[PDB]
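One chain follows as C-alpha cells, the form solved without the partner chain.
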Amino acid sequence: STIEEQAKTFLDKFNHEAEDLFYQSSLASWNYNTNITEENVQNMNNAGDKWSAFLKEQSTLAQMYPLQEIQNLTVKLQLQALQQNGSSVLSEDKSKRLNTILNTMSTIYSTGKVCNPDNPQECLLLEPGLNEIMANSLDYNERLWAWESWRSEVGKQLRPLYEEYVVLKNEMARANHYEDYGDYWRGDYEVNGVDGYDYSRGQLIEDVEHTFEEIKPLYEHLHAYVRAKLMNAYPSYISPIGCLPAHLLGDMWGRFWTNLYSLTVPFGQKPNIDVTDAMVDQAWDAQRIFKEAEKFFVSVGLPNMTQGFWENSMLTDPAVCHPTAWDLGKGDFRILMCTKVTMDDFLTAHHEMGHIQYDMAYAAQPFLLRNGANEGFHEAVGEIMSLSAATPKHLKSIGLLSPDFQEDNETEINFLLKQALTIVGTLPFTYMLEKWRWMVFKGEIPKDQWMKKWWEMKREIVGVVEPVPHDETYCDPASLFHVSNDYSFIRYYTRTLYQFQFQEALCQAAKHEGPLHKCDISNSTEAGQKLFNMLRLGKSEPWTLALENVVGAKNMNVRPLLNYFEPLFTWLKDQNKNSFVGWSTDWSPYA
C-alpha cells in the first residue's frame, strides 16, 4: 500500500539519521565516562540534546502512518516503538505535576540519610553506612534502627507523592488504551499478529504465578534452613514456625539473601573456589583476562572481538568504573572496565563480552530492532557466560586450577547454597513486590490498606514479617530504588528463569555429563550455533520465537532452574527433616 511504502521510506531515513546521532551521543557519553571533564560533560550534553530533539520530531512524523493500515509486522514493530505517546497524552498541567513528582521521589531517595538520635550531626547514607549495617551487623536493635529509620525517613516522605504518582500514571496508561499502569508495563512482553507465538499482557501474571508455585517447595526448604541458622545467629528473636523478620536478611529490604552466606554456610571449613591467587601467580593482566574471554566465545563458534574493540576499550583504570558494554553503532563496540586481576573481574569480563557478543550478532538489524528480544534477554545472555566460566572444568582448562582438582560434595553444596541465597531468594521478593504494584495500579488495594496488604503479602508469599507495625503513613515499597525511581521490577524474575533455560539447552547441545551446575559450553560450536540463532534476531521476532530458537519451547519455564539446584534441594530436604518447612503468617516480632 502507499501508506505502508511511505512508512518504510520514513523508517529508512530515520535509521540513517538515528545511526549518526546515536553514534555521536554514544561516543560523547563514552568520552565523558572515560575522561571526566567539563568539556566532555558539555560535549555529552550537546549530543544527548540533539538526539532527544531528533527523537521528538521523529515521533511526531511516525504518527502519520497508522498501524491500522500497516500489514508488515516488522514495519509495525518499528512504527509502534516511535509512536508511543507516553506522558505526552496528559495535559501540560498533569504532565508537569507528574514530572515534578518523579524527580522529587528520585531526589528524596538518593539524598536519604538517617542520623544518630542521641547526636544528630552523626548521619549515615544508604551507601555505605546503612548497607554496611544491614550486611554485617549482628545487633538486632542496630539492624532494626537502620531498617526502621530508612523506612520512616524516606518512605514517609514518599507516601503522598506515590499516591499522586499512581493516579497520574494510571491516567497516562488509560489514555494510551491500557487498563492501568501495570498493564502498561506488562505490554513489554506482549506479542500480537504472529500465529502460534502470541502473548497477552494478562498471560504474564498467570505464568509468573504458575512458575512461582513450582518454585515454592525449593524456596520453603531454603527458607527453613536459613531460619534455623538465623535462630543461632539471633537467639530468642526468631520463631521456629514463623516468618523471618524483615531486618535480618542481609540487605535493606531482603532483596537478596547474599550476605547471609557466612551465617548459613553448610561446611565452613571448606573454602570456595577462588583462583585470584592462581591468576596473580601466573602474572595475569587485564588484557589476559579479556583474551581468555574472547577465546571462550570463539570456542563455541562466535566471532572474536573487533580490532576497534581492542583499540578503543578501556580495560585498565586511568573515569566511571562501572563495568559496561557499549554498542555505539557503525561497527564500534567497546567495554569499559577498571579490571583487577581477581576471579570476580574475570567472570565479569565474560559477562560484559557476552553483552558485546549479543550486540554484534544483531548489528545487521534495522536500528530499532538492535535490542534484546525482551527486557530479560540481555542480562540472561550475560549471566550464562559467568556460569560457564566459573565451573571447575573451565578453570582447569585455562590452567587456573590443577588437573587433578576434584570438587568434593561439601564444596558443591556450599556453592549451590550461595547461588540459591542470591538467585532463589530474590524470586519471591521480586514476584511479591511487582504483584503489589500491579494490584495497586489495578485499584485492588485501597490506599488505607496499602501497607496492611504489603505486609500481608510479605508474610504470605515471601515468608518475611515486619519487625514493627507500619500504618498507612509509611510507603515501604518506595524505600527501594526501583519503586521510587519508577522502574518495572519483574525483569529480575523473568531474566532469572530465562538464564537457566538458555544454559540447560546449551549444555544439552554440548552433550554435558553430570549435574547441570558443573556444565561448561567451551568448545561446543553446536551450543554457540543454538545461541547465535537467537542472538542474531535482536527484537525483529517475538521473544517467544527467539526463546524457542535456543531452547525449543515458546514460554518461560522454571524447570531448568529447579534442575540446576536439584542437588541443593535434595540436601536441604535431608537437612530439614527435623524442622518445620514453611511458615505461619500469624507470628510477629512485636506481637
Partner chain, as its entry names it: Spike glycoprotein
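Residue numbers count along the first chain shown, from 1. Only the largest set of C-alpha atoms that superpose within 1.5 Å between the two forms is called the rigid core.
We do not show the form deposited with the partner chain bound, though everything after this point is about it.
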Name the single residue among 153, 460, 344, 332 that comes within 4.5 Å of the partner chain in the bound PDB entry, judging by heavy atoms.
-> 332
So in the bound PDB entry, does residue 545 come within 4.5 Å of the partner chain, heavy atom to heavy atom?
-> no
Taking 4.5 angstroms as the cut-off for heavy atoms, does residue 12 touch the partner chain in the bound PDB entry?
-> yes
Going by a heavy atom distance of 4.5 Å, is residue 576 a contact of the partner chain in the bound PDB entry?
-> no
Is residue 585 one of the residues lying within 4.5 Å of the partner chain in the bound PDB entry, judged by heavy atom distances?
-> no
Would you say all of 23, 65 and 312 touch the partner chain in the bound PDB entry, counting a heavy atom within 4.5 Å as a touch?
-> yes
Specify the contacting stretch among 324-332, 413-421, 208-216, 467-475, defined as having any heavy atom within 4.5 Å of the partner chain in the bound PDB entry.
-> 324-332
Quick one: lay the two forms over each other on the core and tell me which of 556, 70, 537, 47 moves its CA by at least 2 angstroms between the shown form and the other one.
-> 47
Rigid core superposed: residue 261 CA moves 2 Å or more between the shown form and the other one | no
Rigid core fit then residue 405 CA moved by 2 Å or more between the shown form and the other one = yes
Under a superposition restricted to the rigid core, does residue 37 display a Cα displacement of 2 angstroms or more between the shown form and the other one?
-> yes
